[PDB]
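Let's start with one chain on its own, the form deposited in one PDB entry, as structure tokens.
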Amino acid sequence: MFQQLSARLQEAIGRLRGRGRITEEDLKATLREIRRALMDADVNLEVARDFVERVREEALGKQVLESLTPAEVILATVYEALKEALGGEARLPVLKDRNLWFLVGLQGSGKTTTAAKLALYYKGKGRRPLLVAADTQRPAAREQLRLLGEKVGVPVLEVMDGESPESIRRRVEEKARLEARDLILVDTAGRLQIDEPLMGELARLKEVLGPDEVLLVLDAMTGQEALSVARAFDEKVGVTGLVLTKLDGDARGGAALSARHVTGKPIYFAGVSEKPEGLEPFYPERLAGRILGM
């Protein structure tokens, strides 16, 4: 997945095993390599510096200098940092009796796609999802989700042009009632850049609908930019969880490894393909070990 950084963090570590015992000087050289790999992987400079410093201390604490095989100690420490950096323990939205989630993000984020992926994912977990195209301005946008739902066998309610939040709430509540939906997914309008008027309307909707979760969908290939947007969305509307899409095309992994510190939000899911099935719960442990070959 993160082959680039992987192969990179590999030479750095693999450059210590066959040596047999290592000196602090050699350790600093390795850490610099590691630190450079992270920066080159678009990892928030701050996160990258902290990472290597953490590895340094942890490494010394593990008596690395006093080891017949340091390359391994450095491996365990670096794996621990990646794991923590990625989020630590795996998390997932907690489902209740009835759930109503919002999907937010900018255009080309994978938002709408992820919307169907969630409906399909939870449809196979014994849920009855309802997809809703919340874009009140563009009919072509609601149309893209109407098709997707038709593809994953999940009903879709499309709001009207300029429909009010209350009207949308009434309509959505009634459908869920008559069709027995327990998971209600609201795909909100996707725009190129942050649109203040839209945020206002999303805030009002958030107020009228009262979503249990507000998932912001970010395209992982946009690097650190996805984090500045995540902050914007959190400050302007309010985020509860993240979804990293296009991770299969993500050669660096800067956004993934920086979301924790930068946004302080948990990454619930990871997009791994353009197909409705291309979704899976975010597993920090998995990726951490994967990046190192563990």
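Sequential numbering from 1, following the sequence displayed. Take the two forms, find the largest set of C-alpha atoms that superpose within 1.5 Å, and that set is the rigid core.
Below, we turn to the form deposited in another entry, even though it does not appear here.
Relative to the superposed core, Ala203 undergoes a Cα shift smaller than 2 Å between this form and the one not shown. Annotation for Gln144: C-alpha shift under 2 angstroms between this form and the one not shown, rigid core superposed. In this overlay on the rigid core, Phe51 has a C-alpha that sits 2 Å or more away from its partner position between this form and the one not shown. The pair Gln224 and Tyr121 is at least 3 angstroms farther apart at the CA level in that other deposited form than in the present model.
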